[PDB]
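Peer 1: The structure follows.
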């Protein structure tokens, strides 16, 4: 809406495009930079006790 | 002929009722813990930190795809709740 030049220069971050630096608000630290609980808090609390939350990997 | 127990054996055996009741209660507690862990997973889920990094990535990849990738790829501007009770980010910032 503000122009093709505006759209192009707003989406450009680095002058050097060889390097990939994906944007992160923060970087994962625990569990060797990984997420142990890929769920919501209710899901975690109930899945530790209630069946049906775990859909398995097979 | 008197085939009675040895006296040291008798003396140490007047504690075995307490030993047996302790074993019953402890087995019950451990079995209940085992079943509480077992029922949701239909198995004993090995702990996440007890796995290699590739194993950790493979275990939770399906959860990532089902809980974050599908909502993000099928997202519409009117799908988000008007309140602030949205889905928390995977990495809380």
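None of the figures in this text is laboratory data; all of them are computed from the coordinates on show. In this analysis, Cβ positions are derived from the backbone assuming ideal geometry, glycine residues included, and neighbour counts consider all displayed protein chains.
Peer 1: How long are the three semi-axes of the equivalent ellipsoid for chain A, computed from the Cα gyration tensor as the root of 5 times each eigenvalue, in whole Å, largest first?
Peer 2: 40, 17, 11
Peer 1: With a Cα-only, solvent-free Debye model of the protein assembly as shown, what are the log10 I(q)/I(0) values at q = 0.13, 0.18, 0.20 Å⁻¹?
Peer 2: The Debye formula, applied to the Cα set alone, gives -0.88, -1.25, -1.37.
Peer 1: With a ≥ b ≥ c taken as the square roots of the eigenvalues of the C-alpha gyration tensor of region B:34-81, please select rounded if a/c is under 1.5 and otherwise prolate if a/b is larger than b/c or oblate if it is not?
Peer 2: Verdict is oblate for region B:34-81.
Peer 1: How would you rank B:75, A:20, going from fewest to most other Cβ atoms within 10 Å of each one's own Cβ?
Peer 2: Result, fewest neighbours first: A:20, B:75.
Peer 1: Using Cα centres only, tell me the gap between region A:15-38 and region B:9-52 in whole Å.
Peer 2: 41 Å
Peer 1: Then there is this: Ranked by Cβ crowding within 10 angstrom, fewest neighbours first, how are B:34, B:68, A:27 ordered?
Peer 2: Lowest count first: A:27, B:34, B:68.
Peer 1: Calculate the FRET efficiency for residue B:3 and residue B:24 from the Cβ-Cβ distance with a Förster distance of 35 Å, rounded to the nearest 0.05.
Peer 2: 0.75
Peer 1: Rounded to two decimals, what is the ratio between the C-alpha radius of gyration of chain B and 2.2 N^0.38 Å?
Peer 2: My calculation over the Cα atoms of chain B gives 2.22.
Peer 1: Return the distance in nm (one decimal) between the two label points of a simple spin-label model at residue A:25 and residue B:65, each offset 7 Å from Cα along Cα→Cβ.
Peer 2: The modelled label-to-label distance comes out at 2.6 nm.
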